[PDB]
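Undergrad: The listed protein sequences derive, respectively, from chains F and E. Straight run, no breaks: the first sequence in my numbering ends on number 112. Straight run, no breaks: the second sequence in my numbering ends on number 1112. The beta carbon of each residue, even a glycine, is placed where N, CA and C say it ideally should be.
Protein chains: 2
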Amino acid sequence: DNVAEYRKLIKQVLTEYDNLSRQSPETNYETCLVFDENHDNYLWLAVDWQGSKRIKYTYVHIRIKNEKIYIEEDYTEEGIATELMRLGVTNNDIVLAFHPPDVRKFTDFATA
Amino acid sequence: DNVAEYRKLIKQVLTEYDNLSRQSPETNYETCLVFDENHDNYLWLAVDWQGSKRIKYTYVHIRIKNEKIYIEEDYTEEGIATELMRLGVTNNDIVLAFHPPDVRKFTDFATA
């Protein structure tokens, strides 16, 4: 399929994370989901104000590139990769792109 | 129309900015465009490596919200708002959301 299935899983996981996160004890900021199936980029963002302090950061950025799931940015506690594996994505189809290219071979995931 | 026209203009402007930016004298990083017409969020991102240093930042984030163009983040030199105005978007339909809500009334743009 396999990219078509990955798109469905990524969007499903980010959407559920966004909803589930509203029950956190930790401070809840306003969030945004940004899914683009043409450029194959998927983001979960915090976009808010704390008085006059701007809250603006990225929880997760995933890109589908080279027929694989490139995790470009991930500040979740357990890691998106853990959830993807639980949903049946093989480690060979996940790239921890938030790690420098030259270290990926020392991990349990694909280099590219 | 008017939101339908705004979507077309935002995507047009971000796509052209991304291409034009490759001719900059300033260091060029790999970039990503992320357009979502269902959540109405549009981003232009830098996503790259400089040796072992992660380059990961947002050039522009726009959201269409409340029937207006909310500029959530903008590190361009002249400002996206300037280009939108040049393309015929009225100042009353642009919100500088990167400014704290309570200061927007002191600007030339909408508060909300």
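Please list, in chain order, all residues of the same chain as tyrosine 57(F) whose beta carbon is under 8 Å from its beta carbon, the five residues on each side excluded.
TA: Around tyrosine 57(F): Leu45, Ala46, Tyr75.
Undergrad: My assumption, with CB atoms under 8 Å, is that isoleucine 1064(E) sits in contact with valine 1003(E). Please give the rounded CB distance.
TA: Contact holds; Cβ gap of about 6 Å.
Undergrad: Could you tell me whether any Cβ in chain F is nearer than 9 Å to the Cβ of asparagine 1038(E)?
TA: Yes, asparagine 1038(E) lies at the interface with chain F (some Cβ there is under 9 Å from its Cβ).
Undergrad: From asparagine 1038(E) to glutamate 1078(E), what distance separates their C-alpha atoms?
TA: Their Cα atoms are separated by approximately 28 Å.
Undergrad: State yes or no: is the C-beta of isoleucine 1080(E) within less than 9 Å of the C-beta of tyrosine 1006(E)?
TA: Contact flag unset, no.
Undergrad: Using a Cβ-Cβ distance under 9 Å, would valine 1047(E) count as near chain F?
TA: Judged by the 9 Å Cβ criterion, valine 1047(E) is in contact with chain F.
Undergrad: What does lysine 56(F) touch in chain E if you count any residue whose Cβ is under 9 Å from its own?
TA: Residues of chain E passing the Cβ test: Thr1058, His1061, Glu1072, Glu1073, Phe1098.
Undergrad: Hey, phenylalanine 1098(E) and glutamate 1067(E) are a contact pair by Cβ (cut 8 Å); roughly how many whole angstroms apart?
TA: 19 Å between Cβ atoms; not a contact.
Undergrad: Helix, strand or coil: which one does DSSP assign to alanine 110(F)?
TA: Correct three-state label for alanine 110(F): strand.
Undergrad: Is it buried or exposed for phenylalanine 106(F), if we count other Cβ within 10 angstroms and need 16 for buried?
TA: Exposed, by the Cβ-count rule.
Undergrad: Keeping to the same chain, check which residues put their C-beta closer than 7 Å to that of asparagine 92(F); ignore five residues upstream and five downstream.
TA: Hits under 7 Å: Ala110.
Undergrad: Measuring only the C-alpha atoms, how far is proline 1101(E) from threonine 31(F)?
TA: Approximately 17 Å, taken between the alpha carbons.
Undergrad: Indicate the three-state DSSP secondary structure (helix, strand or coil) for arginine 1104(E) in the structure shown.
TA: Helix at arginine 1104(E).
Undergrad: So the candidates are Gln1012(E), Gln1050(E), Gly1051(E), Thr1090(E); which of them puts its Cα closest to the Cα of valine 1034(E)?
TA: The option with the nearest alpha carbon to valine 1034(E) is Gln1012(E).
Undergrad: Under the DSSP definition of a beta bridge, which residues are partnered with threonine 58(F)?
TA: DSSP lists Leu45(F) as partners of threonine 58(F).
Undergrad: Can you tell me whether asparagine 41(F) is buried or exposed, with buried defined as 16 or more other CB within 10 angstroms of its CB?
TA: Per the 10 Å Cβ criterion, buried.
Undergrad: Going by DSSP, what residues sit across from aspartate 36(F) in a beta bridge?
TA: The partner list for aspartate 36(F) (beta bridge, DSSP) reads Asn41(F).
Undergrad: Where does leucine 87(F) sit, in a helix, a strand or coil, going by DSSP?
TA: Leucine 87(F): coil per DSSP, three-state reduction.
Undergrad: Whole angstroms is fine: what's the gap from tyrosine 59(F)'s alpha carbon to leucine 43(F)'s?
TA: Cα to Cα, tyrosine 59(F) sits roughly 8 Å from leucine 43(F).
Undergrad: Where does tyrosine 1029(E) sit, in a helix, a strand or coil, going by DSSP?
TA: Reduced to three states, the DSSP call for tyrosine 1029(E) is coil.
Undergrad: Does any CB atom of chain E fall closer than 9 Å to the CB of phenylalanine 109(F)?
TA: By this cut-off, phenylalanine 109(F) is not an interface position.
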